[PDB]
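Below: one structure, written as structure tokens.
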2 protein chains.
Amino acid sequence: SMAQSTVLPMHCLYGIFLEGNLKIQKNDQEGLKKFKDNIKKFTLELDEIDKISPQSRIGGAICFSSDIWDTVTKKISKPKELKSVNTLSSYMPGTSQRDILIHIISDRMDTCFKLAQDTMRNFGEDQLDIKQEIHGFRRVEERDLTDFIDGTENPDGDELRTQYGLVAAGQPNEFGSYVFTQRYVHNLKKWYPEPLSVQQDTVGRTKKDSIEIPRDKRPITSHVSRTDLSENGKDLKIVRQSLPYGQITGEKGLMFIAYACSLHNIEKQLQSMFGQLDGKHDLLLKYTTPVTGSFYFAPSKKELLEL
Amino acid sequence: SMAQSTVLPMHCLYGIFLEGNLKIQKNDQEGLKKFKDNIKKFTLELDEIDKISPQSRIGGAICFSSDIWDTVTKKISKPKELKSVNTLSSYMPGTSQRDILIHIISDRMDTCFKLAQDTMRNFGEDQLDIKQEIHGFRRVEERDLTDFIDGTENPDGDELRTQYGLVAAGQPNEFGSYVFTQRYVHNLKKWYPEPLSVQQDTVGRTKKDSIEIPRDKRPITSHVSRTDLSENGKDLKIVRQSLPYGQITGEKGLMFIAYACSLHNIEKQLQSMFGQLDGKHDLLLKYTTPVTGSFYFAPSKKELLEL
Ligand code: HEM
Ligand code: HEM
Ligand SMILES: COc1ccc(CO)cc1OC
Ligand SMILES: COc1ccc(CO)cc1OC
Ligand SMILES: COc1ccc(CO)cc1OC
Ligand SMILES: COc1ccc(CO)cc1OC
């Protein structure tokens with residue numbers, strides 16, 4: 001009946017991203033029982049935080065890779081499109097498929113961090129080998145560190161975000177979501193001196209107001225031209241929850257994350273951006289570099305608790 | 001005349017700490033004029049953020065070391081007590097005296113970060129060599145990562161925080177503040193297994209409600225017994241603005257910062273904690289370690305603009 005709580009809500013101010021590998025082996029029934037109790041604790045603490053701090057608009061999801069699926073469940077069918085993002089390594093840099101993603105969103109860092117910290121203490125280092133912990137935060141005017149607004153054409157509202165973000169009702173794994181994460185490191189030393197016309201050509205929208213540059217006036221390699229894709233007259237939209245991260249005086253960029261009803265909607269955009277559809281690359285990739293990457297599936301709340 | 005805006009306000013949810021060295025040489029008059037124009041831009045942007053985002057309760061201060069004082073001004077007398085923290089290196093680990101501190105506080109990360117980033121871009125790499133950038137955040141119930149409440153006996157309200165936090169009216173450098181920063185790295189694996197009785201003996205207050213343990217029933221090396229000091233019947237109080245920082249699965253701790261009307265109020269507590277008064281160390285130092293340290297002076301708003 002219900003999805004996990006990171007897909008439909010919009011405009012979170014904070015996000016914590018924990019990605020890593022499961023240390024419990026396939027035959028360890030007691031370890032897997034403890035693992036699933038820690039999953040239940042996560043869902044219970046989400047509800048408790050929502051009750052105590054409604055202003056947080058808290059959300060959270062636990063998501064699983066195709067390689068770990070048969071370790072964590074023998075009951076739930078593996079989502080039919082799920083595969084390792086490492087299969088894209090021949091053309092997309094930075095792939096680093098992990099077993100598990102925990103994504104937590106909030107309008108307050110204190111409750112975002114509380115849920116993240118309590119969850120990591122529950123699972124513990126003996127269950128999860130955490131490879132990446134990212135503290136994302138929204139900036140003024142929802143701008144990415146390129147200083148373009150990020151989110152203008154993100155689908156709005158529960159109806160469209162259910163349509164594009166969640167597996168359809170009646171289908172196997174209904175109300176789950178395919179998930180893609182990818183940490184980008186921005187080269188702002190290179191980007192900042194670029195003329196405004198170059199920056200707008202690169203993105204495909206105007207910088208101040210995020211007005212779309214007419215298709216016939218912007219490069220086919222502009223970011224918007226690379227990612228605004230359709231098949232059979234139907235748009236391949238996705239639900240993005242990306243946030244800025246990092247140090248002003250150090251490494252910084254965009255922690256990209258997308259949720260989708262079909263992995264194909266995400267993968268086709270990756271083929272477009274990274275040169276597999278027409279041999280051409282996204283202009284944005286001259287200024288930013290992906291350094292991690294993973295595909296997951298976030299089960300419905302029911303299937304999460306029935307693994 | 002008024003102070004810079006990080007001393008009197010309480011209970012900030014976010015703080016950014018930027019510490020580093022001045023690249024402008026004492027002979028470079030045009031570079032120093034540009035440096036002071038960037039100081040002016042900082043004060044103006046604080047006012048503008050305050051107007052646009054009253055909910056941020058924005059605050060900020062630029063602070064100067066004794067070593068850099070006569071580079072940045074030949075007009076304002078050097079504060080009488082200002083000295084390098086490296087003079088404490090014989091007994092206090094982690095000293096790392098820098099020329100400049102910029103401390104920004106907010107109840108929203110987006111405006112905290114906007115002011116910090118805009119300021120760093122104004123000064124630029126040509127003027128500042130940043131050695132440390134810390135993103136502090138308040139946790140639930142204002143608890144330090146030891147999970148004790150941090151702030152119970154901090155002076156409350158404008159009157160007491162002016163008395164203890166700011167140089168007294170009529171004195172040289174009136175309404176400025178002596179500043180001490182010190183980044184701690186916590187060893188929570190050593191702390192978590194201690195029984196509550198040991199944790200409470202270590203701090204000197206109860207954990208759940210921060211009730212003071214009577215002085216004759218706690219060790220003289222408890223943190224409260226080390227820092228609740230007096231001379232001549234006057235309490236050596238300070239104004240703390242410390243915040244947690246760091247990664248759940250990595251390095252984390254407390255970004256300590258104190259403001260005081262007199263550097264001696266801070267230094268006597270450091271002598272106490274680090275064994276220099278009676279040969280005994282603060283019990284808290286079994287569980288956390290300072291890895292940076294600096295003394296500065298935050299001028300009054302008037303003296304900041306008249307450097
Ligand atoms: C450095 C990384 C990236 C940055 C800075 C970035 C930034 C942006 C910006 C500024 C926009 C325009 C405003 C908007 O409609 O949201 C945008 C649009 C979009 N981005 Fe990205 N993006 C990045 C990576 C990605 C990736 C990896 C994907 C796909 C997997 C993606 C998918 C999209 C989509 C679907 C749109 C909306 C296109 C439309 O229908 O008009 N982006 N991005
Ligand atoms: C890891 C570093 C530290 C931690 C976790 C820590 C934590 C705490 C806690 C839990 C309290 C009790 C609640 C309160 O009244 O605020 C406290 C009190 C205090 N701390 Fe610290 N503290 C640290 C470092 C320092 C340092 C370096 C100083 C001095 C330079 C300092 C000065 C004080 C003072 C003055 C008090 C109030 C004592 C009183 O009058 O009752 N602390 N600290
Ligand atoms: C789940 O417990 C909490 C969640 C959020 C807050 C914020 O006040 C406090 C909580 O426990 C004290
Ligand atoms: C590495 O030092 C810096 C990097 C970036 C900025 C502003 O974008 C400022 C820096 O130092 C002042
Ligand atoms: C566009 O400039 C601003 C927008 C929002 C804020 C705080 O929300 C501050 C701004 O400029 C200081
Ligand atoms: C290094 O990995 C961890 C460190 C600390 C915690 C919770 O305290 C969890 C970790 O991994 C799950």
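First the proteins, then the strands, lettered A, B, ... as listed; each starts at 1. Only heavy atoms go into these numbers, but all of them, side chains included; no hydrogens, no water, no symmetry mates. For ligands, and for the atoms within them, numbers begin at 1 and follow the listed sequence.
For ligand 4, the atoms lying closer than 4.0 Å to a non-hydrogen atom of B:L128 are 11 (O), 12 (C). Less than 4.0 angstrom separates some heavy atom of B:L254 from each of these atoms of ligand 2: 2 (C), 3 (C), 4 (C). If you number the atoms of ligand 4 from 1 as listed, the ones under 4.0 Å from a heavy atom of B:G124 come out as 12 (C). Heavy-atom proximity to B:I149, at under 4.0 Å, picks out these atoms of ligand 2: 10 (C), 13 (C). Counting atoms of ligand 2 from 1 in the listed order, those under 4.0 Å from a heavy atom of B:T152 are 13 (C), 14 (C), 15 (O), 16 (O). Counting the atoms of ligand 2 from 1 in the order shown, those under 4.0 Å from a heavy atom of B:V224 are 41 (O). The contact set between ligand 4 and A:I248, taken as ligand atoms under 4.0 Å from a residue heavy atom, comprises 4 (C), 5 (C). Taking a cut-off of under 4.0 Å to the non-hydrogen atoms of B:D228, the atoms of ligand 2 that pass are 39 (C), 40 (O). Taking every non-hydrogen atom of B:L270 and a distance limit under 4.0 Å, the qualifying atoms of ligand 2 come out as 30 (C). The ligand atoms of ligand 2 that sit less than 4.0 angstrom from a heavy atom of B:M273 are 26 (C), 27 (C), 28 (C). Annotation for ligand 2: atoms under 4.0 Å from non-hydrogen atoms of B:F148 are 10 (C).
Taking the charged nitrogens against the carboxylate oxygens, B:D228 and B:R215 do have a contact shorter than 4.0 Å, which makes a salt bridge. The residues A:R57 and A:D107 are annotated as salt-bridged, a charged nitrogen and a carboxylate oxygen being separated by less than 4.0 angstrom. A salt bridge does not link B:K237 with B:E153: every distance from a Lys NZ or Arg NE/NH1/NH2 to an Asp or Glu carboxylate oxygen is 4.0 Å or more. Using a cut-off of 4.0 Å between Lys/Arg side-chain N and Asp/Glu carboxylate O, B:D278 and B:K280 are scored as not salt-bridged. Salt-bridge formation is not detected for the pair B:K41/B:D118: no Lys NZ or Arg NE/NH1/NH2 atom is positioned less than 4.0 Å from an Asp or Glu carboxylate oxygen. Ion pairing between a basic and an acidic side chain is recognised when a charged N comes within 4.0 Å of a carboxylate O; B:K33 and B:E30 show no such pairing. With respect to the salt-bridge test (charged N to carboxylate O, under 4.0 angstrom), the residues B:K131 and B:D129 qualify.
The nearest protein atom to atom 5 (C) of ligand 3, hydrogens excluded, is given as A:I52 CG2, 3.8 Å; this is a heavy-atom distance. Protein heavy atom nearest atom 18 (C) of ligand 2, with residue, atom name and distance: B:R240 NH1, 3.5 Å. When only non-hydrogen protein atoms are considered, atom 32 (C) of ligand 2 lies nearest to B:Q269 OE1, 3.4 Å. Residue, atom and distance of the protein heavy atom nearest to atom 12 (C) of ligand 2 are B:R205 CD, 3.5 Å. Ranking protein heavy atoms by distance to atom 12 (C) of ligand 3, first place goes to B:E141 OE2, 3.4 Å. Protein heavy atom nearest atom 2 (O) of ligand 3, with residue, atom name and distance: A:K114 CE, 3.3 Å. Protein heavy atom in closest approach to atom 4 (C) of ligand 3: A:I49 CG1, 3.7 Å. Nearest protein heavy-atom neighbour of atom 9 (C) of ligand 4: B:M120 O, 3.6 Å. In this structure, the protein non-hydrogen atom closest to atom 8 (O) of ligand 4 is B:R121 CG, 3.6 Å. Closest to atom 7 (C) of ligand 3, if we only count protein heavy atoms, is B:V140 CG1, 3.8 Å.
Of all the heavy atoms of B:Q182, the ones lying under 4.0 Å from any atom of ligand 2 belong exclusively to the side chain. With a 4.0 Å cut-off on non-hydrogen atoms, B:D144 touches ligand 2 through its side chain and not its backbone. When heavy-atom distances to ligand 2 are checked against a 4.0 Å cut-off, B:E153 comes that close through both its backbone and its side chain.
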Next on the checklist: Working note: B:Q241 + B:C12, criterion side-chain contact (heavy atoms from CB on, under 4.5 Å); need CA distance, chi angles, decisive distance, verdict.
Outcome noted: CA-CA 8 Å; B:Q241 296 280 22; B:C12 60; 4.1 Å; yes

Next on the checklist: Evaluate A:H135 against B:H135 for side-chain contact (heavy atoms from CB on, under 4.5 Å), listing each step before the verdict.
Outcome noted: CA-CA 10 Å; A:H135 299 175; B:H135 296 180; over 6 Å; no

Checklist entry - How far apart are the C-alpha atoms of B:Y14 and A:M109, what are their side-chain angles, what is the distance that settles it, and do they pass the side-chain contact (heavy atoms from CB on, under 4.5 Å) test? => result CA-CA 9 Å; B:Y14 302 93; A:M109 181 60 172; 3.3 Å; yes

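Residues B:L166 and B:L8 meet the side-chain proximity criterion, which asks for heavy atoms closer than 4.5 Å. Residues B:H281 and B:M273 have side chains not in contact (no heavy-atom distance under 4.5 Å, counting atoms from C-beta outward).
Within the structure, ligand 2 has B:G151 among the residues with a heavy atom less than 4.0 angstrom away. Within the 4.0 Å heavy-atom cutoff, B:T146 does not count among the residues contacting ligand 2. Heavy-atom separations between B:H186 and ligand 2 include at least one value shorter than 4.0 Å.
Other residues, nucleotides and ligands place more than 12 heavy atoms under 6.0 Å from the CG atom of A:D47. Atom CG of B:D216 has more than 12 neighbouring heavy atoms from other residues, nucleotides or ligands inside a 6.0 Å radius. The number of heavy-atom neighbours closer than 6.0 Å to NZ of B:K208, taken from other residues, nucleotides and ligands shown, is 12 or below.
Taking each heavy atom of B:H186 and B:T146 in turn, the nearest pair found is CD2-N, 4.1 Å.
A ring-centre distance under 6.0 Å is not found for B:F64 and B:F297. Taking the ring centroids of A:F113 and B:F137, they lie under the 6.0 Å cut-off.
Close N/O approach between B:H223 and ligand 2 is found [any backbone or side-chain N/O within under 3.5 Å]. Geometrically, ligand 2 and B:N154 share no nitrogen or oxygen pair separated by less than 3.5 Å. Below 3.5 Å of separation, one finds no N or O of B:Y184 facing any N or O of ligand 2.
With atom 3 (C) of ligand 4 as the reference point, the heavy atom nearest to it among A:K189, B:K131, B:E125 is part of B:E125. Across the listed options B:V239, B:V203, B:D150, B:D150 owns the non-hydrogen atom lying nearest to atom 7 (C) of ligand 2.
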